[PDB]
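In the block that follows, a single chain appears as structure tokens, in the form deposited in one PDB entry.
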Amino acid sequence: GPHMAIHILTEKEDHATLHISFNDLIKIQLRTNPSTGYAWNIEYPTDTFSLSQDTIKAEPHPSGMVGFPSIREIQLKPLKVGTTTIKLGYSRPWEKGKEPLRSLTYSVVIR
């Protein structure tokens, strides 16, 4: 085993189950388009993970348009061992009566 591992999750890993170690990190890396008012919202057990870093960054290419899309990166560090579900929804904050355009679900076992 390593000192620690960083596990990268993207849209493509929807419904994945990840087994990680106590001292590992999860990095969720998603594309996003802030110019539209949409953003990813994350739901996770706050007793089990700490938000180590949350970033939105403008992406270089394809230019294309040079600045679109953007990248959302959410890093989570285990606080406790256990089994968790992380859910993300891509939606508009103040929009009423609508479901997220896209939803992601990950199962994470911290052993």
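Position 1 is the first residue in the sequence shown; the rest follow in order. Take the two forms, superpose them, and find the largest set of C-alpha atoms that agree within 1.5 Å; that set is the rigid core.
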- Query: Between 64-72 and 24-32, which has the higher average C-alpha B-factor in the PDB entry?
  - Reply: 64-72
- Message: Can you tell me whether 40-48 has a higher mean C-alpha B factor than 53-61 in this record, or the other way round?
- Response: 53-61
- Message: Ranking the modelled residues of this chain by C-alpha B-factor as given in the entry, is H3 in the lowest, middle or highest third?
- Response: highest
- Tell me, lowest, middle or highest third: where does the Cα B factor of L101 rank within its chain? highest
- Place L9 in the lowest, middle or highest third of its chain's C-alpha B-factors, as listed in the PDB entry. lowest
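Below, we turn to the form deposited in another entry, even though it does not appear here.
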- Item | Large Cα move at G67 between the shown form and the other one, threshold 2 Å, rigid core | yes
- Query: So with the core overlaid, does the Cα of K98 end up 2 Å or more away between the shown form and the other one?
  - Reply: yes
